[PDB]
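Shown here is one chain on its own, the form deposited in one PDB entry, set out as structure tokens.
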């Protein structure tokens, strides 16, 4: 955690490959259960996704699932309430039941350099995205997520090349590029300090699809967010 905070301070991002301790037996099992959820995402070159937001208090570890704000309400109010301006299904029942989801939400936060101690007692909105990227046999530029801190975990990579992650300065110069390749390979970043992007994926075996599964969480300090019905 402490090298990570300093890496985020200095460089705006920090990497955590799974190769430093990926699993005891019970953890490994919860990883497998979680990653399997990416096979059951609502289908829409091709991107399948699910989404939810959490009320989160770092001091207590309190995590509450915020009500899934309907798209028709956001659009017609022209107010997406800080969340995404897209229409996405909620996280599955078995995603939410998986204790690894709450564990990762709490544990990832400890890698971020929180600039004011008082923020640990405030609510944070935590946006949680399951993304499956698909390139079938047949790119967004540098950006921010409009949060304070982000984390990405690779759930899976299937017949995929490319997909390199790119870190840019606020001035849109490439300063770093890395590769999440193993399951649970992880990156943390300070979202107001860098911009980022990901290269397209392409199949290694071109007769088959290439698939990249990631879990992205974005943490935004929100001192005025109050508890909602759950």
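Numbering follows the first chain given and starts at 1.
The modelled chain breaks between residue 44 and residue 45, where 4 to 9 residues of the deposited sequence lack coordinates. Per the record, residue 116 and residue 117 follow each other directly, and no deposited residue is missing between them. In this crystal structure, the stretch out of 6 to 14 and 209 to 217 whose C-alpha atoms carry the higher mean B factor is 6 to 14. Per the PDB record, of the two stretches 34 to 42 and 184 to 192, 34 to 42 carries the greater mean B-factor over its C-alpha atoms.
The residue among 140, 122, 148, 108 whose C-alpha atom has the highest B-factor in the PDB entry is 140. Ranked by Cα temperature factor within the chain, residue 59 sits in the highest third according to the deposited record.
Remark: residue 158 belongs to the middle third of its chain, ranked by C-alpha B-factor as recorded.
Compared with the other modelled residues of the chain, the Cα B-factor recorded for residue 103 ranks in the middle third. The PDB entry assigns residue 175 a C-alpha temperature factor belonging to the middle third of its chain's modelled residues. Ranked within its chain, residue 130 lands in the lowest third, by CA B factor from the PDB record.
Only in words, not in the display: the form solved in complex with a small molecule, which the text now covers.
152 is the sole member of 91, 101, 152, 155 with a non-hydrogen atom within 4.5 Å of the small molecule in the deposited bound form.
Put simply, of 198, 176, 41, 31 only one has a heavy atom within 4.5 Å of the small molecule in the deposited bound form, and it is 198. Although the partner is absent here, residue 145 sits close enough that one of its heavy atoms falls within 4.5 Å of the small molecule in the deposited bound form.
At a distance threshold of 4.5 angstroms between non-hydrogen atoms, residue 212 is in contact with the small molecule in the deposited bound form. Among heavy atoms of residue 165, some come within 4.5 Å of the small molecule in the deposited bound form. Heavy atoms of residue 131 reach within 4.5 Å of the small molecule in the deposited bound form, making it an interface residue. Screening 168 to 176, 190 to 198, 32 to 40, 58 to 66 for residues having heavy atoms within 4.5 Å of the small molecule in the deposited bound form returns a single hit, 190 to 198.
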